[PDB]
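Next up: just one chain, as structure tokens, the form deposited in one PDB entry.
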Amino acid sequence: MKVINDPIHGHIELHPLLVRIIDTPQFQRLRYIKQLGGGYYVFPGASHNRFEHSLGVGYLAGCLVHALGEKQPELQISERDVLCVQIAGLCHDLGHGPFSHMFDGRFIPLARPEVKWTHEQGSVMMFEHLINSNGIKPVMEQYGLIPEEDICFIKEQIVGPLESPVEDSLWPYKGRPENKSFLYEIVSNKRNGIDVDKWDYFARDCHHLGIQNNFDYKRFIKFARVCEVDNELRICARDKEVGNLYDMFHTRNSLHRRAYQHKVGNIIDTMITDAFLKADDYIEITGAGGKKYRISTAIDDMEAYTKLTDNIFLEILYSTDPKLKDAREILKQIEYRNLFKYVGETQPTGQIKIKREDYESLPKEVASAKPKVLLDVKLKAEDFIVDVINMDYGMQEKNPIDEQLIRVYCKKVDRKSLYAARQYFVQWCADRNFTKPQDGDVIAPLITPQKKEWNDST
């Protein structure tokens, strides 16, 4: 058992097995990839990496489990359950890619349109590989828990429903029973949204970025207890966390609308992702048997998944090879904060939402926009841009109870080039059937008038 001090988490004490397994290099790659991701180009202070966020999530899940077992001993969950919860929370986001939010949102979504997968499956696979490489089976036996069940429980908590839930009204998870889901929801609240990881992320972002955290998660955990709803085990705020929970929801909205939904930071992230894509074949990491896998193709290789940090960006910034001139230009452009210029903002309408495969064609489709306007420079794939920041979850019914931001970036920063990019963005919005801009009366003095809808003020 070892205790560490953090700005928000506080005490980092754990079990002897968890203490022994915490100081590992497999989860050190979390410390080498920023959880804030594009926040380095956004938040001057919030340079925290996935290690701090994951440790806070695990500690908060363990504290919640301890509080539930103390105030509600009817669960009869022994120390093995808490140890398994801590081991699972130690890998909350231990399967993402370089720059975190850029990989599963921009890099993985574009590198392999034919293979759509997010950080969840990658996290499960990476945690399984790390467990296999550690060889902590005798150590787990010294902890009193059988590995053949601890590994399954950790994987189920990390991923979720891993049994391909059929329409039958059985247990969706093959690890947890019909009356054993109370402990696994502390790591992530897939329905209520009150997750230890989410609260830790919100608090850390607010603290290291300069925002106000009015939530008191400790009181929520103290007053939560285990209750029965819809003939199932759950956790809810008893009577007096309505103000605290509403403040937490407002803070989450502020964080996800001011930091994860900014403008310049999204442009910087898009430029970084595009530069990595142009250099995908130029940074090959050694794999198993002496083989090599590209950073683009390493999402299915754990040798380079354990070797996928933001140092790839550093390699891109300090390439010692002569074949990376195309990526060197983008690296030099991003070195002096000379990234692209935003042409506006947009959001689609209706229930139709594009998949991961359509993201790759979205840049080409947005560049292919061509209204009846003569442009000095044609909006090509490398000249124009379609930045599609997908918004996971978000649409939660009765947030107290309980698509994608589109941006047009110009590779050229000339005034005439800016006007051409704005015209191309208007053409793309018309093609995608997007609503008129808020300042569209001036932003589109020659593109909006083409359609009679703009003139129909009534």
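What we label the rigid core is the largest C-alpha set whose atoms superpose within 1.5 Å from one form to the other. Position 1 is the first residue in the sequence shown; the rest follow in order.
Separately, the form deposited with a small molecule bound exists; it is not shown, and the next lines address it.
All of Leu64, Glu185 and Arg234 with a heavy atom within 4.5 Å of the small molecule in the deposited complex: Per the other structure, none of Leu64, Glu185 and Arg234 touch the small molecule.
Heavy atom within 4.5 Å of the small molecule in the deposited complex - the one residue of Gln261, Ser361, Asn311, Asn253 that qualifies: The option sitting close enough to the partner is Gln261.
Single option in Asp93, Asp150, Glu156, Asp301 placed near the small molecule in the deposited complex, where near means a heavy atom within 4.5 Å: Exactly one residue meets the criterion: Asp93.
Stretch from 129 to 137, 361 to 369, 303 to 311, 198 to 206 whose residues place a heavy atom within 4.5 Å of the small molecule in the deposited complex: Heavy-atom contact with the partner occurs in 198 to 206.
Non-hydrogen atom contact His101 with the small molecule in the deposited complex at 4.5 angstroms: Yes, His101 lies within 4.5 Å of the small molecule in the deposited complex.
Contact of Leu36 with the small molecule in the deposited complex (heavy atom, 4.5 Å): Taking the distances in the deposited complex, the answer for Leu36 is yes, it comes within 4.5 Å of the small molecule.
Contact label in the deposited complex: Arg29 to the small molecule, heavy atom within 4.5 Å: No - in the deposited complex, heavy atoms of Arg29 and the small molecule never come within 4.5 Å of each other.
Moved residue between this form and the one not shown - picked from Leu94, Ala327, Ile267, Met248, where its Cα shifts 2 angstroms or more relative to the rigid core: Flagged residue: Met248.
Rigid core fit then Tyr409 CA moved by 2 Å or more between this form and the one not shown: Comparing the forms between this form and the one not shown, which are aligned on their rigid core, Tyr409 does shift its C-alpha by 2 Å or more.
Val388 C-alpha relocation of at least 2 Å between this form and the one not shown, rigid core basis: Passes the 2 Å threshold, so yes.
Flag for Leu418, CA shift 2 Å or larger between this form and the one not shown after aligning core: Yes, the C-alpha moves 2 Å or more.
Distance trend in the deposited complex - C-alpha atoms of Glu114 and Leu379, change of 3 Å or more: Compared with the shown chain, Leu379-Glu114 is farther in the deposited complex.
Residue pair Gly105, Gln396 - Cα distance in the deposited complex, closer or farther (3 Å or more): It is closer: the C-alpha separation of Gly105 and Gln396 falls by at least 3 Å in the deposited complex.
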